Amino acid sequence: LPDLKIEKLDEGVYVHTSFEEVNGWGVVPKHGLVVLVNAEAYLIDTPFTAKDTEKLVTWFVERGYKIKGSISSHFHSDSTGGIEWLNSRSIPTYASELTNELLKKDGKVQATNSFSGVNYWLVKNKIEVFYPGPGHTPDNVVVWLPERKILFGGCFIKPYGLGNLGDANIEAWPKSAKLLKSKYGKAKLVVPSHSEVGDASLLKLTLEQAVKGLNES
């Protein structure tokens, strides 16, 4: 129910929070980012709804920033909710190939541009996308911002509990978390989708929950 929030996180980096009812978890807040790249902006994950997606887009257009593109970390509606609206406005949308396949599998609108592999540059030297392997979902990817040493973990970063295991790969999660931790331990900030912001320690906490998660199975 709470209204969308837009808080500046660091120079050129904003955190947008939307809220929505989630079967069994009640009202859950979702964090995404809006990266500024020379008068232009990029959305890292869309708000749950098309309305909040537009409010977000509009908020930044009024501040002088054209929306150059949007990237979704995984297929769950809390990262892809506003893709139909964005595409209708001809705004470039991106998602991994695995993500679009899952979106198509569940009867959802897909991103216009796909990509795959270990690393992919949405924007050279400014916005990099990394795939640690299956965990929260088979397709989950993270977003790295070299300049600000900021990492958007999305729904892969689950420091206090693995949450929604509906599409989780609990067998692979610990291996994927190990990979992510050694790759971005240099992170100054880690932004989770459902937890508050922290540092590189959130990578360790996630690894422990995953490990715990598999043992616990």
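Rigid core (definition): largest C-alpha set, two forms, superposition within 1.5 Å. The first residue of the shown sequence is 1; numbering continues from there.
Core superposition of the other structures onto this form places the C-alphas of 24-32 farther off in 7 other deposited structures of this protein than those of the other stretch among 24-32 and 167-175. Legend: mean Cα B-factor per stretch from the PDB entry, 65-73 versus 22-30; the higher mean is in 22-30. Higher mean CA B-factor, judged across 130-138 and 143-151 from the recorded values: 143-151. Residues shown: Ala177, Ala187, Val191, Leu43. Highest C-alpha temperature factor in the entry: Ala187. Ranked by C-alpha B-factor against the other modelled residues of its chain, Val123 falls in the highest third. Sort the modelled residues of the chain by CA B factor and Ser201 lands in the highest third.
Sort the chain's modelled residues by C-alpha temperature factor and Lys158 lands in the highest third, per the entry. Sorting the modelled residues of the chain by their CA temperature factor places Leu9 in the highest third. When the modelled residues of the chain are ordered by their C-alpha B factor, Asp106 lands in the highest third.
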